[PDB]
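Each of two forms of one protein chain follows alone as structure tokens, named structure 1 and structure 2.
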Structure 1
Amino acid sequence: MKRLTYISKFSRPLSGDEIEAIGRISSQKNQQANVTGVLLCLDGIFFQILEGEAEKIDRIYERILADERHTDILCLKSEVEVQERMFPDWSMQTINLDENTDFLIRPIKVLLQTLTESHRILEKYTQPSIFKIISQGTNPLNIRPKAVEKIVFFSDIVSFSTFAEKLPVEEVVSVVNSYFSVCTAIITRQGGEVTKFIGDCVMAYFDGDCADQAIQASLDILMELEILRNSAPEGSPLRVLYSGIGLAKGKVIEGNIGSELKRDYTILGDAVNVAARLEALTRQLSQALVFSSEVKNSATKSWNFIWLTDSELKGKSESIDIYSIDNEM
């Protein structure tokens, strides 16, 4: 079996009979698939529990994901292989109004309002990979730190401080947020994790056997930024948004790092230093992507590698050879 719990936001205002139409189609199909649960409706927010055989649940949840009548869908729990059915049937409750609101539905309802509003805001400040772990029933705070091989990614906007002395502050922030959105979408598509924003810099990492994905993400970011520059409106600062990218590979510590008022699930280790130094090297090179020989050698695809001089980095143990990609330049 399987039980899913999720919360979503109205993509637009939904009338009375519109939300009741939801409940009807859902009841019809869930009854067909032996799926029980409940769909609660509050002020512009949906919450729903649904349980049944994973195949039938996986199909339904995915029709729900495609539904354009709501957005910001966050799965709160994914309980794979449940032993007991929590609900005898499936139905819909519209508590936004009343439904016999006494001294026990009134306080409950406000608590759900306040908690959900707060949860929805906290979500936007939370590293994206935390939620998934919670859905799996494992508390990410209790993950023990471990040594793991990773590919570290650093990227950093070229000449940001200039944007800052030529644009109003709202426009500066819009440029940096556009950059981070471009980078985040591609890294995440290629299986990496954006772990930190450091000023105008993205720090990310990939599994240690994913050098090809890290290279592809980096090439795809460089190409997306070239398209963004070329397509920007006339006079847009995005026309001069450039980045450099550095990649390194090594053993790091992954775990919860921080204080008690705030922690991060992130990585520590020398490969972070190396990747950042390689990224900075792009300011002295024509290339916008640099990566270590360990990244080059761990890649499996026949990339158009170019060996850059012989390298002369500092702070490491050896001046490792450095590489980029030369795509018919």
Structure 2
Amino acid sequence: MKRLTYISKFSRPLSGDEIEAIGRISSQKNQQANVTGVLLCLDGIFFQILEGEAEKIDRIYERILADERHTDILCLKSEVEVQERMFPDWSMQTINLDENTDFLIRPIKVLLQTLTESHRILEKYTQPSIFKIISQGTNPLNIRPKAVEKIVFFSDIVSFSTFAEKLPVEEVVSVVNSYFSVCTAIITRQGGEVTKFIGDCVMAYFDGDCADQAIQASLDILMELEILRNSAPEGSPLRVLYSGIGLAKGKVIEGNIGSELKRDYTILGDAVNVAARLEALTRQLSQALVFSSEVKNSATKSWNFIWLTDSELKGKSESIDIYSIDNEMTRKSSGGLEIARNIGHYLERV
């Protein structure tokens, strides 16, 4: 058997009658499916436990994910190989805690609502990958560090200091957050994980055998930003939002890194520095994407590679041949320095 626990947020106000109606329909359907569980609500938050045969549970959950009456659905626990039902007598027992007045339940409700409102804020400051590990039954704090081969992605905004000096502070933050959103959506879609922001910089990583995905993510980010620039409103700072991207590949250490006050589950190692140093080279080139020969040679698709004969990097060991992709995008460009100059001219006059 399988058992799922999740929390969600009301998408709109729901009356007590509407909540009980959800419970009636849930009980009618779950009884036929040999599914049991409990559904609680407290001040605009749902909490549900569902248990039964795994195939059936998965299909019910996918239907629940399509219900427009809740949103921000977070799976807290996914238990497989469950032996005994927790709620064998309840096809779906509905407990509206807003309406409950029992004297012992009253303090429990206060603590549950305080902890829930804290948790739902902390979620936004937390990586989704952390929640996935917890839901699988593993405490991420006890994962031991390990050496692992990764593709490291590093990107930043071209001439970002100009934004910070020529725009209102609300608009500066809107631009950087738009950029971080674009990068995160595409990296995550390609199976990578964003691990760190610092200033206007993104650091992300992919599995070591996923160079094709790292390259595709990088090209798709550059195309998404081109579309965003061309379609932005008149006078919008997004019209001059440009990126550089560097990719490197190497053995890194993955694990919990930080202090007793705060840590992240992230990566350490030379490929992080190499990716950042390659990304900085894009400021002297017409190409917005550059990557090492190790990334190039690990790819399996027939990419339109171009060798950037020069390899004037610093801090490396045996230098490195550097490559890009030659497409209509990386080609139709007038190069950093010129772009930096235009960014200032444009932003001075918006």
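Sequence positions of structure 1, starting at 1, serve as the residue numbers. Here, rigid core means the biggest group of C-alpha atoms that superpose within 1.5 Å across both forms.
Exercise. Looking at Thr114, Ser91, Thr188, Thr162, which has a Cα shift of 2 angstroms or more between the two structures when the rigid core is held fixed?
Worked result: Spelled out, the residue whose C-alpha shifts by 2 Å or more is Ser91.
For this session: Note yes or no: does the Cα of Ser259 move by 2 Å or more between the two structures after the core is superposed?
Result: After core superposition, the C-alpha of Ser259 moves less than 2 Å between the two structures.
Exercise. By the 2 angstroms cut-off, has the C-alpha of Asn142 moved between the two structures once the rigid core is superposed?
Worked result: No, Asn142 moves less than 2 Å.
Problem set entry | Threshold 2 Å Cα movement between the two structures for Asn100, core superposed | Moves: yes, 2 Å or greater.
Exercise. Keeping the rigid core fixed, what distance in angstrom separates the two C-alpha positions of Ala21 between the two structures?
Worked result: After core superposition, the C-alpha of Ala21 moves 2.1 Å between the two structures.
Exercise. Once the two forms are fitted on their rigid core, how many angstrom does the CA of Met203 move between the two structures?
Worked result: Displacement of the alpha carbon, after core fit: 0.3 Å.
For this session: On a rigid core superposition, how far has the CA of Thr309 moved between the two structures, in Å, if you could check?
Result: C-alpha displacement of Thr309 between the two structures: 1.1 Å.
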